[PDB]
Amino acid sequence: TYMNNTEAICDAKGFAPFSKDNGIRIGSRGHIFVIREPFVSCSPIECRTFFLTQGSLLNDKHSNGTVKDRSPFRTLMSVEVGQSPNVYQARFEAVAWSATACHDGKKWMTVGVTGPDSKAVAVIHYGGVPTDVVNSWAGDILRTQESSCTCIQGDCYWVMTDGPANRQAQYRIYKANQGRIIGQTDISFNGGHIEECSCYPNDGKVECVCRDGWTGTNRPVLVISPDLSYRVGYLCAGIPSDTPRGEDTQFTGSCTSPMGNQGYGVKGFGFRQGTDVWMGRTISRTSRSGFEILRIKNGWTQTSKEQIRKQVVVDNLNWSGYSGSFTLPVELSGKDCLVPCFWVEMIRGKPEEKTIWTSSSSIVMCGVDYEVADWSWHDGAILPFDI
């Protein structure tokens, strides 16, 4: 039966560790898929860690130039949380070099984009087989979330971007019901930019903290309603949460336009706490090192820079990376509110390291009503590997 994800997100004063795969460390001797862009999405029975394999393993020659991003070998596969992305416990999702996934209370929906940049196709699967399709609509890398999509009473929604990664682009919202696409929307956001969004459900509306790859050091937000009516802009808070980013001191927040004179970024997330917001970010304002998450007061609605809580999960002496949001189905947590959880991708190898390869590890963190102590659950692998 369908999963009602109508409830509001729970209010947490801190997050507790869910799991840690140790994929790379383990990957030093075991048969682990060299991957990247990992993420967690739960069904009403278990959570699984979805990844993107480079079509190869670690400590193997085929692990070589796996820094290339897109290729025909990458395929979306999944395993139960905590388990490393290994071959023998791996479940095949879809052929993809960019994917997204979500359960709805019955079957798993997956969407894997692959093919040429100028004509890539996004194949949606439902129950272990493709049901519908989307063709690149703007001939420039049809890419999607790299994060869990959202299902609310049988209808799962997600966001996609087609255009250049730098300047302006075209963003759309897709809505489905059993693998089948049932309507979509064009997002008007000129001057703005949306990439690899992180969503979660909160009151029958889908909230996403995306990635402005153009002119944004402050991340963009977008609330989606069940009838494609939407709302978009940037997370207000007078604090930037992208990387590379400028300092907090010299940064004025903006609920409306992008702020900062930086032009890149990394995938991140953020949760709406009433008006307050929990925002993840790399300790380093420049590199992809360390991961932290702060709660700015009234930061979801005001240019606030007033924090009441902070907590680190990866110190600045350890490689960080991507971050995503999802929720613990009420049918698992037992709460009467959607427990807010998130993950951190820990990339190892090129470019910041001397190795023929590039992969990443992850760790999962969930809500909690208590405040959880700063610490580091970093990758741990000793590079370089045997090669």
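In this text, the rigid core denotes the largest set of C-alpha atoms whose superposition between the two forms falls within 1.5 Å. One-based numbering along the sequence shown.
- Displacement analysis by core superposition in 4 other deposited structures of this protein ranks 67-75 above the other of 67-75 and 187-195 in root-mean-square C-alpha distance from the shown form.
- For the pair 243-251 and 128-136, the record assigns the higher mean C-alpha temperature factor to 243-251.
- In this entry, 253-261 shows the higher mean Cα temperature factor of the pair 310-318 and 253-261.
- When the C-alpha B-factors of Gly154, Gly112, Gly115, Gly82 are ranked from the entry, the top spot goes to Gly154.
- The top Cα temperature factor in the record, among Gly334, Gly324, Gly27, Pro340, falls on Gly334.
- Remark: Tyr230 belongs to the highest third of its chain, ranked by C-alpha B-factor as recorded.
- Among the modelled residues of the chain, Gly367 sits in the highest third by CA temperature factor in this PDB entry.
- The deposited CA B-factor of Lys68 belongs to the highest third of values across its chain.
- Per-chain ranking of the deposited C-alpha B factor places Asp60 in the middle third.
- Ranked against the other modelled residues of its chain, the C-alpha B-factor of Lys106 as given in the entry falls in the middle third.
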